[PDB]
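Engineer: Which chain is which? The protein sequence lines are A, B, C, D, E and F, in order. Mind the numbering: the first sequence is residues 617 to 842 in the numbering used here, read in order. Mind the numbering: the second sequence is residues 5 to 86 in the numbering used here, read in order. Mind the numbering: the third sequence is residues 76 to 140 in the numbering used here, read in order. Mind the numbering: the fourth sequence is residues 280 to 487 in the numbering used here, read in order. Mind the numbering: the fifth sequence is residues 9 to 134 in the numbering used here, read in order. Mind the numbering: the sixth sequence is residues 26 to 154 in the numbering used here, read in order. Below is one structure. I have some questions about it.
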Amino acid sequence: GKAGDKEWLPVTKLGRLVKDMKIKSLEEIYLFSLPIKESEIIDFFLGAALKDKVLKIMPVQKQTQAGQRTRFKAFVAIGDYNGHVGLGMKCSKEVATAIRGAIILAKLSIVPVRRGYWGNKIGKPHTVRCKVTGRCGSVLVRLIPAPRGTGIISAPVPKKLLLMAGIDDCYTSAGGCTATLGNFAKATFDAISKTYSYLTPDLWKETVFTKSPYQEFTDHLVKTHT
Amino acid sequence: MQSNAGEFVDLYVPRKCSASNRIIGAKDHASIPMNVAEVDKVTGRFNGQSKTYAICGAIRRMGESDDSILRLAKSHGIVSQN
Amino acid sequence: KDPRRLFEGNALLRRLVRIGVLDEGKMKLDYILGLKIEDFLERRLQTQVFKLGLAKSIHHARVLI
Amino acid sequence: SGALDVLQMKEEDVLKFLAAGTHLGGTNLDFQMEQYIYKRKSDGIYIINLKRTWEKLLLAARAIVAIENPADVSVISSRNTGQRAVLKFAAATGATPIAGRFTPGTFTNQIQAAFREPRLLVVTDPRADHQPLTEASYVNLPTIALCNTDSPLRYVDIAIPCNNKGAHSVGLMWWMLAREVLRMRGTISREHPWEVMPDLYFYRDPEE
Amino acid sequence: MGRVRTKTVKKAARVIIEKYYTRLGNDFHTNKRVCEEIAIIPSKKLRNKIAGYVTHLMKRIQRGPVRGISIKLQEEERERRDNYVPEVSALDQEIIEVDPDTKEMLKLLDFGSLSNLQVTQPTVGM
Amino acid sequence: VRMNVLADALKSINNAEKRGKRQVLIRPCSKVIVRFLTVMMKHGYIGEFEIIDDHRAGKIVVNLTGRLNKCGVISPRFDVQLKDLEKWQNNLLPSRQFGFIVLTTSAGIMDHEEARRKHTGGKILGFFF
RNA sequence: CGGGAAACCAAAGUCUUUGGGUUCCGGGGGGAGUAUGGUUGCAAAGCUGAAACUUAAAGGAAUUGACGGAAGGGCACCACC
């Protein structure tokens, strides 16, 4: 392809390390729990070859002095196929912007997924380590590990998110007003994200850990400006 | 996170709180650790060589990170009769 | 080792292998779990009569048969 | 002790401290601060543990060394009593500054003109400087702080108990920190005394 | 009132004054000439309105520092003023007068000191 | 009043770990509480515990690490039939792989893995992971 | 902390990670606390309590205007003075 790459320039030290080829995977950020504020960071480290699917469009409105207003809300999900996903909702004047912003929002939110084995761990993880549930304003989604070939047993919208996350097989049960899509996807998003939070016995032991690329790269991440 | 042939799979092993032994997970940016300098004994002379602790969002929001550091710093020095 | 699991597992496997549907490492249960439809679909006539020239079409094959 | 000797108490300092009336401590304890407390004076007031106030201050100092780029430790005060104080600390040690109206969106929010990514915040009143203490907890930055007996412990790891009701107590403690950090990983050498008069830290104010 | 200077004007005044203080003056007539030299302003009425408000400022500045304006000279003046320090005030005069307990504060602090006792009576809340 | 004593001990624990606590004082304790605390201990989910002897019913101090997501109690103590154990662990355990259902059988208070190996069964006490 | 749709709630917390004891009532809205039998009552009435039919929303909460012979509000001879 040839369209003339932009000229991203970074606000953030985390960003400088990334462009410099100093940070190479999101994992570094995730382990450090560095916050990510520049969307390009996500874009350079992953996202390249990460596909975004727009989930919904539904319009809303609120009342003006001289009567009405109405605008477009877009729900976007992003993820490779393996282990990374994000979710973003935006409402804007125009569909394109609503989608364009939503994608940006989704990327900022990208989250780790811990994918595991239903039980006999051969040939790499097909499902989830444990069972994790997430709730958003009365909708709650529960993910359950399942045997191979089970696949994603969820509603179409949820299947799509789980798919991008890179889950092969998982059982789901959903309670609450499933109809209100923004809520259902949000809860499932919380559910998947919760997998990293689960502490299993595998995790029980600790570690010099890390010094943080921010510290080692520190000079590197104070360029020659101010 | 082993696989079939003792191989290490998925993608990362998170750091664990220095106070509660609970996963820092991964987007909770209301949490940070704290590198304490080692001293070339005797006194002064910051010499590296960090003595380091990581504290969870939880402990910190509950109005600990500090003490936790002290149980942490004294138990392994410096800090005495705290 | 559970007489029920042993006696019927081995049988399911042996049955699945006679038809070529399944292969040995598979040829344990842990592998059938990680299997799919093509694997059966591949064993019908129709596609074989193609698969060795004696049809040159999954088409030709079915009308031949 | 710990790191091994000289580093202990020094009457000279316990003299400056008592003089500056640090240990005097707030009538309202607060629960998370109970450890600092030495004893309660009659006629209500609490005596802070200077020994404890001391050691933590040193522990603070050490955490300020170990940051490599000294500029990116932010010393902070909206309180008047601590304004010249922090300005001085920033002059000596690397340490960039944030006085007065902290300005919200300084840690979160790239776009802004006071955008800073410190690796360490030191705050003087956790109640007055609550904004910086909150923003810092939106972005994984450790916090040293000025705490009297009744200060918010939320999102502050490391306290140095003071008096912060005021006077020279806020002056001395910022002074001693800069004095301490220059000693460590600096170049004072000889955790021997000051060519700088501690008054240089201390609040200014008005005019007739 | 009816003439309330708008930001486009008021801004320019803060602006020039910040980079022009020692050049500018007390008098409308001259700054007006100065705005021609130090700024490019499109209509004459605007430039006049600017010169005029900035003069109203200079008139005020030259009678007391004004809420949001800083110039190199004013910084220097505050700097020099912000030196003062006498015979000095504490002393406090021979002997501190203590409230005791504060006497017991030193007594049980291993600390000599000057003295005086007058600390009794309780002690109502509100 | 009190029907069971286990349920209190377990809950007390769970809230300790949820707070970020590293110790608890449970009251009042029992042979069954000890036995359950013990199965937990063998597996790592708690540190060491200590039965203090008031001249009454006991008080226990448990020192806990933080490997514990949850330790629950099942009431009532349903009877389980060897192929209702398979059904229980699935109902209430995170992955097939880990976490234990702990029950009481004629041959001792045990985690269900030990149950499967002995080849005995009984009535369900509780769980953890 | 945590709960809840929120308003809120240290209990309305410890609820999908759903299991401390026990008791009661509800399953769209109207028909209806109505009909009918029983019961209690001097009486007035009370308790128990349907259906046929009717209908796609009834309802809750928060958000925002519009609007008020609600409160502080203003502004204009298209308003008064």
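Beta carbons are placed, not taken as given, at the ideal position from N, Cα and C, and that holds for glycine.
Got a sec: is the Cβ-Cβ distance from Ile-694 of chain A to anything in chain B below 8 Å?
Structural biologist: On the first sequence, position 78 is the one that residue 694 of chain A refers to. No - not a single Cβ of chain B is within 8 Å of the one on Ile-694 of chain A.
Engineer: Start and end of the alpha helix (DSSP H) containing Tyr-733 of chain A?
Structural biologist: The residue you call residue 733 of chain A lines up with position 117 of the first sequence. First-last for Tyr-733 of chain A: undefined, no H or E at that position.
Engineer: Are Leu-412 of chain D and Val-402 of chain D close, meaning C-beta to C-beta below 8 Å?
Structural biologist: Numbered from its first residue, the fourth sequence carries residue 412 of chain D at position 133. Numbered from its first residue, the fourth sequence carries residue 402 of chain D at position 123. Yes; because the gap between Cβ atoms is below 8 Å, this pair is in contact.
Engineer: Can you tell me where the alpha helix (DSSP H) with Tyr-28 of chain E in it begins and where it stops?
Structural biologist: Counted from its first residue, the fifth sequence places residue 28 of chain E at position 20. Start and end: 15-28.
Engineer: Could you round the C-beta distance between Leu-451 of chain D and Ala-299 of chain D to whole angstroms and report it? I think they count as a contact, below 8 Å.
Structural biologist: Here residue 451 of chain D refers to the residue found at position 172 when the fourth sequence is read from its first residue. Here residue 299 of chain D refers to the residue found at position 20 when the fourth sequence is read from its first residue. Contact holds; Cβ gap of about 4 Å.
Engineer: Around the C-beta of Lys-802 of chain A, are 16 or more other C-beta atoms found within 10 angstroms, so that it is buried, or is it exposed?
Structural biologist: Reading the first sequence from its first residue, position 186 is the one you call residue 802 of chain A. Counting Cβ neighbours within 10 Å, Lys-802 of chain A comes out buried, since at least 16 surround it.
Engineer: Looking at the secondary structure, which residues open and close the alpha helix (DSSP H) in which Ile-439 of chain D lies?
Structural biologist: Here residue 439 of chain D refers to the residue found at position 160 of the fourth sequence. No alpha helix (DSSP H) holds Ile-439 of chain D; the beta strand (DSSP E) holding it covers 438-440.
Engineer: Mind listing the chain E neighbours of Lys-320 of chain D? Cutoff is C-beta to C-beta under 8 Å, in chain order.
Structural biologist: Position 41 of the fourth sequence, counted from the first residue, corresponds to residue 320 of chain D. Near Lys-320 of chain D (Cβ distances below 8 Å), the residues of chain E are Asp-109, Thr-110, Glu-112 and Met-113.
Engineer: Considering only residues of the region 93-136 of chain F, which uninterrupted alpha helix (DSSP H) runs meet the minimum length of 4 residues and lie entirely inside it, listed in chain order?
Structural biologist: Entirely contained in the region 93-136 of chain F, the alpha helix (DSSP H) runs reaching 4 residues are, in chain order, 110-117.
Engineer: Report the neighbours of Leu-117 of chain E on chain D: residues whose CB is nearer than 8 Å to its CB, in chain order.
Structural biologist: Here residue 117 of chain E is taken as the residue at index 109 of the fifth sequence, counted from 1. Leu-297, listed in chain order.
Engineer: Bridge partners of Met-705 of chain A, per DSSP?
Structural biologist: As a first step, residue 705 of chain A is located in the first sequence; it is residue number 89 there, counting from the start. According to DSSP, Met-705 of chain A bridges with A:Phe-691.
Engineer: Between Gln-389 of chain D and chain A, is there a C-beta pair that is closer than 8 Å?
Structural biologist: Here residue 389 of chain D corresponds to residue number 110 of the fourth sequence, with the count starting at 1. It does: the Cβ of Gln-389 of chain D has a partner Cβ on chain A nearer than 8 Å.
Engineer: Quick one: does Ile-783 of chain A have its CB under 8 Å from some CB of chain C?
Structural biologist: By 1-based counting over the first sequence, the position of residue 783 of chain A is 167. Answer no: the Cβ-Cβ gap between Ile-783 of chain A and chain C never drops below 8 Å.
Engineer: I believe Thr-743 of chain A touches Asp-785 of chain A by the beta-carbon criterion, under 8 Å. Please report the beta-carbon distance rounded to the nearest angstrom.
Structural biologist: By one-based count along the first sequence, residue 743 of chain A stands at place 127. By one-based count along the first sequence, residue 785 of chain A stands at place 169. Correct: roughly 5 Å between the Cβ atoms.
Engineer: Starting from the beta carbon of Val-449 of chain D, find every residue of chain A whose beta carbon is closer than 8 Å, and list them in chain order.
Structural biologist: To locate residue 449 of chain D, count along the fourth sequence from 1; it is residue 170. Ordered by position in chain A, no residue passes the 8 Å Cβ test against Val-449 of chain D, which lies about 30 Å from the chain.
Engineer: Name the residue from F:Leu-128, F:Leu-118 and F:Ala-132 whose alpha carbon lies nearest to the alpha carbon of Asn-94 of chain F.
Structural biologist: The count along the sixth sequence starts at 1 and reaches residue 94 of chain F at position 69. Nearest of F:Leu-128, F:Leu-118 and F:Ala-132 to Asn-94 of chain F, Cα basis: F:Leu-118.
Engineer: If I measure Cβ to Cβ from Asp-107 of chain E and keep anything under 8 Å in the same chain, skipping five residues before and after, which residues do I get?
Structural biologist: Residue 107 of chain E sits at position 99 when you count from the first residue of the fifth sequence. Excluding positions up to five away in sequence, the list reads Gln-126 and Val-127.
Engineer: Are the CB atoms of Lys-320 of chain D and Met-113 of chain E within a distance shorter than 8 Å?
Structural biologist: For the purposes of this step, residue 113 of chain E is taken as residue 105 along the fifth sequence, with counting starting at 1. For the purposes of this step, residue 320 of chain D is taken as residue 41 along the fourth sequence, with counting starting at 1. Going by C-beta atoms, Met-113 of chain E is nearer than 8 Å to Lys-320 of chain D.
Engineer: Measure from the alpha carbon of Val-285 of chain D to the alpha carbon of each residue in D:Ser-356, D:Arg-406 and D:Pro-472, then state which is nearest.
Structural biologist: Position 6 of the fourth sequence, counted from the first residue, corresponds to residue 285 of chain D. Answer by Cα proximity: D:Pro-472.
Engineer: Note down, in chain order, every chain D residue with its Cβ under 7 Å from the Cβ of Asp-90 of chain E.
Structural biologist: For the purposes of this step, residue 90 of chain E is taken as residue 82 along the fifth sequence, with counting starting at 1. Here the neighbours are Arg-483.
Engineer: For the region 8-40 of chain B, list every residue whose C-beta sits within 9 Å of some C-beta in chain F, in sequence order.
Structural biologist: The residues in question are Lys-20, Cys-21, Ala-23, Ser-24, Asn-25 and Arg-26.
Engineer: Between D:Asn-427, D:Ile-439, D:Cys-441 and D:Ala-374, which has its C-alpha nearest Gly-465 of chain D's C-alpha?
Structural biologist: As a working note, residue 465 of chain D is residue 186 in the fourth sequence. The option with the nearest alpha carbon to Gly-465 of chain D is D:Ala-374.
Engineer: Have a look at the DSSP bridge pairing and note the partners of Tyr-787 of chain A.
Structural biologist: Here residue 787 of chain A refers to the residue found at position 171 of the first sequence. A:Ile-760 and A:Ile-769, per the DSSP bridge assignment.
Engineer: Kindly list, in the order they appear in chain C, the residues whose Cβ is closer than 8 Å to that of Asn-736 of chain A.
Structural biologist: Reading the first sequence from its first residue, position 120 is the one you call residue 736 of chain A. Those within 8 Å of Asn-736 of chain A in chain C are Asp-105.
Engineer: What is the DSSP secondary structure of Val-138 of chain C, counted as helix, strand or coil?
Structural biologist: The count along the third sequence starts at 1 and reaches residue 138 of chain C at position 63. DSSP places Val-138 of chain C in helix when its eight states are reduced to three.
Engineer: Quick one: does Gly-72 of chain F have its CB under 8 Å from some CB of chain B?
Structural biologist: Sequence index remark: in the sixth sequence, residue 72 of chain F carries index 47 (1-based). No - not a single Cβ of chain B is within 8 Å of the one on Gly-72 of chain F.
Engineer: In terms of DSSP beta bridges, what is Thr-63 of chain F paired with?
Structural biologist: Against the sixth sequence, residue 63 of chain F aligns to sequence position 38. None; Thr-63 of chain F has no bridge partner.
Engineer: Report buried or exposed for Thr-30 of chain E, applying the criterion of at least 16 other Cβ atoms within 10 angstroms of its Cβ.
Structural biologist: As a position in the fifth sequence, residue 30 of chain E is number 22, starting the count at 1. Burial call: exposed.
Engineer: Starting from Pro-675 of chain A, follow its DSSP beta bridges and name the residues at the other end.
Structural biologist: The sequence position of residue 675 of chain A within the first sequence is 59, counting from 1. BP columns for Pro-675 of chain A point to A:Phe-688.
Engineer: For a cutoff of 8 Å on Cβ pairs, would you count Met-5 of chain B as touching chain F?
Structural biologist: Along the second sequence, read from residue 1 onward, the residue named residue 5 of chain B stands at position 1. By this cut-off, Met-5 of chain B is not an interface position.
Engineer: Once the 5 residues before and after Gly-83 of chain F are set aside, which same chain residues still bring their CB inside 6 Å of it?
Structural biologist: The count along the sixth sequence starts at 1 and reaches residue 83 of chain F at position 58. So the qualifying residues of the chain are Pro-53, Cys-54 and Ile-76.
Engineer: Specify, as a first and last residue, the run of the beta strand (DSSP E) that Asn-39 of chain B falls within.
Structural biologist: The count along the second sequence starts at 1 and reaches residue 39 of chain B at position 35. Its beta strand (DSSP E) spans residues 36-42.
Engineer: Could you check where the alpha helix (DSSP H) with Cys-43 of chain E kicks off and where it finishes?
Structural biologist: Indexing the fifth sequence from 1 puts residue 43 of chain E at position 35. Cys-43 of chain E -> alpha helix (DSSP H) spans 36-46.
Engineer: Hey, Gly-45 of chain F and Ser-24 of chain B are a contact pair by Cβ (cut 8 Å); roughly how many whole angstroms apart?
Structural biologist: Along the sixth sequence, read from residue 1 onward, the residue named residue 45 of chain F stands at position 20. Along the second sequence, read from residue 1 onward, the residue named residue 24 of chain B stands at position 20. Their Cβ separation, rounded to whole angstroms, is 5 Å, which keeps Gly-45 of chain F and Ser-24 of chain B in contact under 8 Å.
Engineer: If distances are taken between C-alpha atoms only, which option among D:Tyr-325, D:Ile-355 and D:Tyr-480 comes closest to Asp-404 of chain D?
Structural biologist: Working through the fourth sequence from its first residue, we reach residue 404 of chain D at position 125. Closest by alpha carbon: D:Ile-355.
Engineer: Going by DSSP, which residues form a beta bridge with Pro-376 of chain D?
Structural biologist: One-based indexing of the fourth sequence puts residue 376 of chain D at position 97. DSSP, once it has assigned bridges, lists D:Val-354 as partnering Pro-376 of chain D.
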